[PDB]
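Student: Input: one structure, supplied below.
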Ligand SMILES: O=c1[nH]c(=O)n([C@@H]2O[C@H](CO)[C@@H](O)[C@H](O)[C@H]2O)cc1Cl
Ligand SMILES: O=c1[nH]c(=O)n([C@@H]2O[C@H](CO)[C@@H](O)[C@H](O)[C@H]2O)cc1Cl
């Protein structure tokens, strides 16, 4: 049907049909008469996976022969979503599969909806890892994603009486056709034990053993025949484990609980033992495999020329003392050389400056669990603080601030400090965030070693986030400029010369309208929810967090409602306001914010005076596959964190790529987005970082906004008095209380400028042609925010490898 | 190579090689350069499974079309062993695979040794189920084996310092290519809850739900293109399960512990909650599937014409009140009709008369776990005891003996009594065992309803137990008489006319010698153990149990040793005595018997005076695949249970089929074996059942044997005084104590006749020609003990179906 979806050759289609039928019969052990759509999905999924494997085997052999430097991306999170369409897209098989399945009398889109998301992440950080893997393979780097094969990913979210309820995401119930179990490469991981000293050094003894079993999933590059590997570890008990006989066998579960479940706290640290076991487990098993692979090239000096390890936040920071443990205790390198090797090998990415998100592990945990790694960390700390002392003689307060060991009621190890000490590069994830790091939390480190500190502004893969989810927009772009922009997103700049082309204006607005019609219909069929598709689609989707200020969004919605009630017969640009996202299970305030959002819809959506001029919809179970449907339907993107708190953001980029305009603070990557499109083509409002600090010094007093803004006071009074919760009049007193007295994120300070900026958006919306021209201006300047540009900077400036767009042979 | 192994056609071989290579590449994602033998096994296993599926699908469709009466074989045990060679054999693919793999430069036998046993049973009862499934499909019956997919089968046994040590049998580590997960047919099973009464009857409410997920494994008949199904259930948690969030997710394991592990107690009842959950789980899930399948034929009168359910011991006896629960509470049939349907549907097989092996569940368990099934069982008991009262008016003692409810400190439900009440047929497993049932434990039942009681003497599948494990013997048999005996074992009778054929005598003795040479070499390569292959191979392999009297065997071995020490220069027929078998984990005496056997080898095997005239070897980890190697190497089969205790035995048949002679008591099927071959062709010794009762009346006094038999006294003194345990002189005082004072099985009473009968065996062994002629006489009369004859009797006399040897189309 559409051009960027590849060829449907006679030979290809005929072949696909036969392999589809072979898998239906032989693999599924089904006959056409009892197959359900789910069986058809599987037959298709196995048929497409067949095309990968040859490429998978030849890529992995090519690396063994040529021996390039390898990149190991360690992360506790890989938010992959679905694999089928992405694989079709990267292999140019999409039109052929469509044809082949159409001829068997099936609808490929129906089938794609049956695939479970691999929800092995929480949000922005785990999805960055996913975009990165795709960019690494598109750019021909010999790169391996390593993590944990969680048996339950992020919980599925149900809304019940307006409240979030969690349920287990049993994503593997029906099998995962994409993975290949690799029990032959099972590896031991050690916990507990104690440290013995011999004449030949330290020895870690009496440990419990958990085996790590690898599962490999292929990662295809974009039409370059590269297929890289994501290797995820699964925990297994050893066979002599505790070996009532019956009880001994059942207790094997204690060991395998390590890979059972993903911790669902985003931007919040929970110091629980099970988490730290997961952290050590991925790092222990990954480093043996790395070293094994290196020894099949004695000489560790060349280790940093053959290996790069990227640490995705501090989660795998135990890689640093573990690499020392292996080099010093097992290989018998001396300390100083092991340390040189380790620093040259590791690099660390920070994703936050929020105090509560930083990992600081109680020393009593590390002591019990990892008594040798604690010893190594104290030694790292001592040698490091000696370099500090030597450089800032006398500055005792610097020593206590810079220490890897925090003193206090419970001593803690500050894992970020460890990473900066043992890495040759540390980077933030947007220009402003990187600057904040150097001026604030890591200032002392920066003065010590300014040359470690870098920026690598985040990006998103244009494959998933454009070609896969928005074929209509990819297609009209490609009619004008060709196809090359898909792996060179800077080419979108050529679209600037079409800003005054009447036919192009009309095709952009037409693609948006179609996407909105398709999303409106997904809403009714799957959730009996009922919307005007001519309305402006105002969307805020991301994890529920106070800093993300969904509450600010809420106050705007209530203000619009109150302005309609006050003058019902006055015209307003109609909106569909959609907010979506998961709250972590113990984050009480996040759960209250969800409940408020639904309580608002309850009032607003059934007010007959409002008509279809205002609807508030909470999007349930937001996740990757739902992002792919809603983002291309969006007209307005809400990116309204308090300035200084959102390290980068990446939703913001997905929306800009897909023809939504942005309303945002100068936060994170919003700053670079605006600078790329021109501030005139962006709806910026509210405090800058500088303004927030000024306010923090005087002191933030919210009563002051409440006394001066009648519209705001009326909302607060409606909240306290039970207007949004008539049977529980005090339902929301926690929120009101927090907003009035304990608001770390200054919702009231930005309210006024936010509302006025919201009027400027409705006004452009009234002028379709001029809305669409600003849209083209955004789309056209989104090139920088491709993950291919990001990974190329990592590769050149951190890993020391040269990207390559050259096809490997078929 | 050999004729009964099928054709190696050019076209077939060429095809196998290509599919082998396809699976290596696409399924295994390996290249020839890194494949290990284990990968080659898998490529072969998938290539052979491809040939099954077409037949599997067409068999299952043929039953749906024709709708014959279906047989449901319920068992908690299916001792399958390996599947690959058996599948090749039943599909006539064996020579072709041999050829095809030989041309890829591989050794098929090497590959077969990589397959794990499916050890989902304990011994004779779970292996009977396995032979039965094979016979049911060979005979074209529409039959389904239902049980439990245990994640850990019988433990692997290691001997350490002479002691058994257990370890978990992680048989699924590398995947099971034979099974097909069927998550689409997942079913709910209920536990706990309470019973409510409405105006519309009883209702079972507030239950916990465990899902049962089915895994299907194909069961091929012998060259008839029938492939039946073994469906095994796996326990899964529901998704809202308990739904700390983290803890809620981890506790999903409590539910899935139901299918985690096979209970390893054989012939001994352990009344543990986890066991009863397993029992209910298999029965609950199986009956829904049965009823589902029946409703795709409203009218329950025809239920017994469409369904037979065979109960393998009392383990699935909850089928009886569950079928009532479904008919009466769910379908709203009235009691009396539901009961007629249930009786006409169920039949029960007993496998033991040992008091300690019978299931008697505490009422407080059933009450908590299954409160509705307890109610139904009390109602069954009351109506049943009313029929007894009506028939034997006044006989109060009969009422208490026959009750399903045993009174006592804890009230118990006697599950055998339940089965006899709710089944139209009850059967023992050998003629003498069936007689004992009617004269003793079930006498009262027999007088009430004599027409329920039947015999179905056990059998073994000649496929596995002859063609698969003994190709050499199958082959010389087939040269003379053709191939038809493989599915008509009565034809072996024709071999009687070759008893005086010199060439045949020599080919039987040659096959035995070769098997012994191959087993001698398996012993050295895999266990550094060192034997004379010219010796008589004296073998007792079966679970370690006091009633099986491995101790009697032990005393004989010590007597031979002592006779050698007393006259070293006198000639004796040399023997290799091999004893093997697993002891259940808490059975202390069974573990001591293993330790004695090794302690004896320790003395005997290193006595330089003994030379290679006597060796005692404990065969470690006895299981199905080890049975297939040792049984055709055996010259002498030890079947020496105290008469009246071994219900049938089936090892005894495997040995007789494979050219070992039998030394045995008149116990179980030994009685019919001797009657088939002629008592002259069998080494029978010791008490008959009648003699045992006579001894029980006077009272068994072991001191009497010890005072009258000097050879026996010397053994006991050597045991007490530390001769077999010099560093622990009192190691064996438990055994001596038991033998002297508390021997339920009368080891001393049979000692004398056993030793003298052991001399008669050595004497025939001295005359190879005459040994071999008696062997031919056994082999030739083994036809009765085929499982095809057994299943044909079940089918005709119990299930009401007609077997058929007709091929389904290819
Ligand atoms: O726990 C976390 N989870 C997460 O999604 N991020 C995000 O990481 C994203 C990727 O860097 C980034 O765009 C966004 O600004 C961050 O909030 C950071 C932490 Cl520390
Ligand atoms: O728990 C058991 N396990 C077992 O193997 N059998 C055997 O069942 C075998 C099959 O009927 C039979 O030959 C043998 O005589 C029995 O001991 C019986 C019980 Cl009750």
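Following Swiss-Prot, chain B residues are numbered 13-255, 262-315, 325-837, in order.
Positions of Cβ are set from backbone N, Cα and C atoms, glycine also.
Annotation comment: Swiss-Prot describes B:15, B:430, B:514, B:747, B:748 as phosphoserine, evidence class similarity to another entry. Positions annotated as site 'Involved in the association of subunits' by Swiss-Prot: B:109, B:143. What Swiss-Prot records for B:156 is site 'Can be labeled by an AMP analog', and it gives an author's statement as the kind of evidence. Residues or ranges marked as phosphotyrosine in Swiss-Prot (evidence: similarity to another entry): B:204, B:227, B:473. Feature annotation from Swiss-Prot assigns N6-(pyridoxal phosphate)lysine to B:681; the stated evidence is experimental evidence.
What does the local environment look like for each feature on the list?
Tutor: Note: residue B:15 (phosphoserine) has non-local neighbours B:502, B:505, B:506, i.e. same-chain residues 6+ apart with C-beta under 8 A of its own C-beta.
Here the Cβ of residue B:109 (site 'Involved in the association of subunits') has 27 other Cβ atoms within 10 Å, regardless of which shown protein chain they belong to. Look at residue B:109 (site 'Involved in the association of subunits'): DSSP puts it in a helix.
Sequence-distant neighbours of residue B:143 (site 'Involved in the association of subunits'): residues of the same chain at least 6 apart with a C-beta under 8 Å from its C-beta are B:486, B:487, B:488, B:491, B:492, B:677, B:814.
The local packing around residue B:156 (site 'Can be labeled by an AMP analog'), expressed as other Cβ atoms within 10 Å of its Cβ over all shown chains, amounts to 23.
In the three-state DSSP classification, residue B:204 (phosphotyrosine) falls within a strand. A simple way to gauge crowding: the CB of residue B:204 (phosphotyrosine) has 12 other CB atoms within 10 angstroms, across all the protein chains here.
When other Cβ atoms within 10 Å of the Cβ of residue B:227 (phosphotyrosine) are tallied across all protein chains shown, the result is 17. DSSP assigns residue B:227 (phosphotyrosine) to a strand in the three-state reduction.
Neighbour count (other Cβ atoms within 10 Å of the Cβ, all protein chains): 17 for residue B:430 (phosphoserine). In the three-state DSSP classification, residue B:430 (phosphoserine) falls within coil.
Classification of residue B:473 (phosphotyrosine) by DSSP places it within a helix.
In the three-state DSSP classification, residue B:514 (phosphoserine) falls within a helix.
The local packing around residue B:681 (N6-(pyridoxal phosphate)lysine), expressed as other Cβ atoms within 10 Å of its Cβ over all shown chains, amounts to 29.
There are 16 other CB atoms within 10 A of the CB of residue B:747 (phosphoserine), with all protein chains counted. Under DSSP, residue B:747 (phosphoserine) is assigned to a helix (H, G or I) in the three-state scheme.
If you take the C-beta of residue B:748 (phosphoserine) and look for same-chain residues 6 or more apart in sequence within under 8 angstroms, you find B:756.
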Student: Distance between residue B:430 (phosphoserine) and residue B:156 (site 'Can be labeled by an AMP analog') at the Cα atoms, whole Å?
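Tutor: Here the two Cα atoms lie 33 Å apart.
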Student: Among the recorded positions B:15, B:156, B:473, B:681, name every one whose Cβ is found under 6 angstroms from ligand 2, counting any of its atoms.
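Tutor: Qualifying residues: none.
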Student: Can you check what DSSP calls residue B:156 (site 'Can be labeled by an AMP analog'), collapsed to helix, strand or coil?
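Tutor: Residue B:156 (site 'Can be labeled by an AMP analog') sits in a strand per DSSP.
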Student: List, in sequence order, the same-chain residues at least six positions removed whose CB sits under 8 Å from that of residue B:473 (phosphotyrosine)?
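Tutor: Set apart from residue B:473 (phosphotyrosine) by at least 6 residues yet with Cβ under 8 Å, we have B:464, B:465, B:479, B:480.
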Student: I'd like to confirm something. Which of the recorded positions, B:109, B:204, B:227, B:514, B:747, has a Cα closest to the Cα of residue B:681 (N6-(pyridoxal phosphate)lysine)?
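Tutor: Spatially nearest to residue B:681 (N6-(pyridoxal phosphate)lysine) by Cα position is B:514.
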Student: Consider the modified residues B:204, B:514, B:747 and say which one has the Cα lying nearest the Cα of residue B:156 (site 'Can be labeled by an AMP analog').
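Tutor: Considering only the listed modified residues, the nearest one is B:514.
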Student: Non-local Cβ contacts of residue B:514 (phosphoserine) (under 8 Å, 6 or more apart, same chain)?
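Tutor: Long-range Cβ contacts: B:150, B:234, B:235, B:489, B:815, B:832.
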Student: For residue B:204 (phosphotyrosine) and residue B:109 (site 'Involved in the association of subunits'), determine the Cα separation and express it in whole Å.
Tutor: 52
Student: With 9 residues left unmodelled between residue B:315 and residue B:325, could you check how far apart their Cα atoms sit, in whole angstrom?
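Tutor: Between the Cα atoms flanking the 9-residue gap there are 10 Å.
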Student: Rounded to a whole number, what is the CA to CA span in angstrom between residue B:255 and residue B:262 on either side of 6 missing residues?
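Tutor: So the two residues bracketing the gap are 10 Å apart at Cα.
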Student: For the C-alpha pair, I'd like the distance in angstrom between residue B:109 (site 'Involved in the association of subunits') and residue B:747 (phosphoserine), rounded off.
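Tutor: On Cα coordinates alone, these residues lie 57 Å apart.
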Student: Please report the distance from the Cα of residue B:747 (phosphoserine) to the Cα of residue B:227 (phosphotyrosine), rounded to the nearest angstrom.
Tutor: 53
